[PDB]
Amino acid sequence: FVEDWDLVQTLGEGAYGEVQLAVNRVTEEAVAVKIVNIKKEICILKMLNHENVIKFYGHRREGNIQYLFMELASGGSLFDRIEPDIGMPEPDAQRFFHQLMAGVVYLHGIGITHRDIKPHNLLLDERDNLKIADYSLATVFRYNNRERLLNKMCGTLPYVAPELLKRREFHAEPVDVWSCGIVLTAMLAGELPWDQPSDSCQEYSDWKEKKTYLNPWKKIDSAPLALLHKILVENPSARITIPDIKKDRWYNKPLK
Ligand SMILES: Cn1c(NCc2ccccc2F)c(C#N)c2c(N)ncnc21
């Protein structure tokens, strides 16, 4: 197989391309290889250098098929650690949310929006450290210290922020904060609050009308629910920013 590496087993079968575990036969060094505006993805990946972000190793073409060498995460995905209808222990949820925020802070710091944060894209290494993966929807929202608004609609409807359904153009960062809130709900409740944040979705209307006696909100302790109250605000300008999330009571609660 490709140069020094053997493509042993498949780990992803998506609409982009597939992801294989590449064990080098020499050193035994094991990595992840993805097989295939992919020029766009590559140079975003070369930018990435943070412990809560999938490290890029390098690219290789073979006529028709491109090969992306990235840090392996042998722990699978966060999705796999969420029990349906239950979620996970609140302390594990807090640790993952800490690592997730660190990751999103980094990306935003280098002027990058991921645009498709959800548990399927949050992989774990062997010591259960979270890594933000899949920069195939990722784009630059800040360059030479000037922000550009987004207008491409993308991501996954249950994770997606309301402004993306309604506004012609919108700020990148509140969109990623929003989806982080949906991920936090899923970790604490083991279900997603709504199919879409649209005025035509009952469960979303129920949330705007603060009916937290309904699921999934009633499975969630008052401390994190208060943070979810600040994160899932429909007006992107009133929605909490990451610096202010970092000051939240539950974010700063000791748990084991
Ligand atoms: C299982 N697995 C991946 N799945 C691909 C994938 C799944 C979902 C969304 C996007 C996407 F690309 C990886 C990747 N990237 C991956 C990895 N880097 N290290 C270990 N295991 C991995």
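We count ligands from 1, going down the list as the structure has it; atoms in each ligand are counted the same way. Numbering starts at 1 and runs along the sequence shown. Only this structure's heavy atoms are used, side chains among them; waters, hydrogens and symmetry mates stay out.
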**Student:** Which one holds for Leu123 and ligand 1: side chain close, backbone close, both close, or neither close, with close meaning a heavy atom under 4.0 Å?
**Tutor:**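 Side chain only; the backbone of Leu123 stays clear of ligand 1.
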
**Student:** Is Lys34 touching ligand 1 with its side chain, its backbone, both, or neither, if touching means heavy atoms under 4.0 Å apart?
**Tutor:** neither

**Student:** With salt bridge (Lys or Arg N to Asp or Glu O under 4.0 Å) as the test, would you mind laying out the steps for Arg95 and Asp92 before giving the verdict?
**Tutor:** CA-CA 5 Å; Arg95 180 173 165 276; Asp92 306 326; over 6 Å; no

**Student:** Walk me through whether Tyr135 and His114 qualify under ring-ring contact (aromatic ring centres under 6.0 Å, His included).
**Tutor:** CA-CA 6 Å; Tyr135 293 80; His114 182 281; 5.3 Å; yes

**Student:** Within ligand 1, which atoms have a heavy atom of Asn121 less than 4.0 Å away?
**Tutor:**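 Close to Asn121: 8 (C), 9 (C), 10 (C).
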
**Student:** Give me the ring orientation class for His98 and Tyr251: parallel if the planes are under 30° apart, tilted from 30 to 60°, perpendicular past 60°.
**Tutor:** tilted

**Student:** For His120, is at least one N or O under 3.5 Å away from an N or O on ligand 1?
**Tutor:** no

**Student:** Could you tell me whether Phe141 and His108 have their ring centroids closer than 6.0 angstrom?
**Tutor:** yes

**Student:** Nearest to atom 4 (N) of ligand 1 by heavy atom, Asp125, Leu122, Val19: which?
**Tutor:** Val19

**Student:** Within the structure provided, determine whether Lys218 and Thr212 are in side-chain contact (heavy-atom separation under 4.5 Å).
**Tutor:**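 No, side chains not in contact.
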
**Student:** Is the closest side-chain heavy-atom distance between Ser77 and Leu123 below 4.5 Å?
**Tutor:** yes

**Student:** Could you tell me how the ring of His59 sits relative to the ring of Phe56: parallel (under 30°), tilted (30 to 60°) or perpendicular (over 60°)?
**Tutor:** parallel

**Student:** Do the side chains of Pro224 and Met187 get nearer than 4.5 Å, heavy atoms only?
**Tutor:**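 SC-SC contact between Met187 and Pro224 ruled out.
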
**Student:** Heavy atoms only: which of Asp80, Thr10, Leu137, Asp134 lies closest to atom 11 (C) of ligand 1?
**Tutor:** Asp134

**Student:** Can you confirm, on distance only, whether ligand 1 has an N/O atom lying under 3.5 Å from any N/O atom belonging to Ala133?
**Tutor:**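 No, no N or O pair falls under 3.5 Å.
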
**Student:** Report, in ascending order of atom number, the atoms of ligand 1 lying under 4.0 Å from any heavy atom of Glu71.
**Tutor:** 17 (C), 18 (N), 19 (N)

**Student:** If you count the atoms of ligand 1 from 1 in the order shown, which ones are under 4.0 Å from a heavy atom of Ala32?
**Tutor:** 17 (C), 18 (N), 19 (N)

**Student:** Run the numbers for me: atoms of ligand 1, each under 4.0 Å from some heavy atom of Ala73, listed by number.
**Tutor:**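 Checking each atom against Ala73, I get 19 (N), 20 (C), 21 (N).
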
**Student:** For ligand 1, which atoms have a heavy atom of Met70 less than 4.0 angstrom away?
**Tutor:** 15 (N), 18 (N)

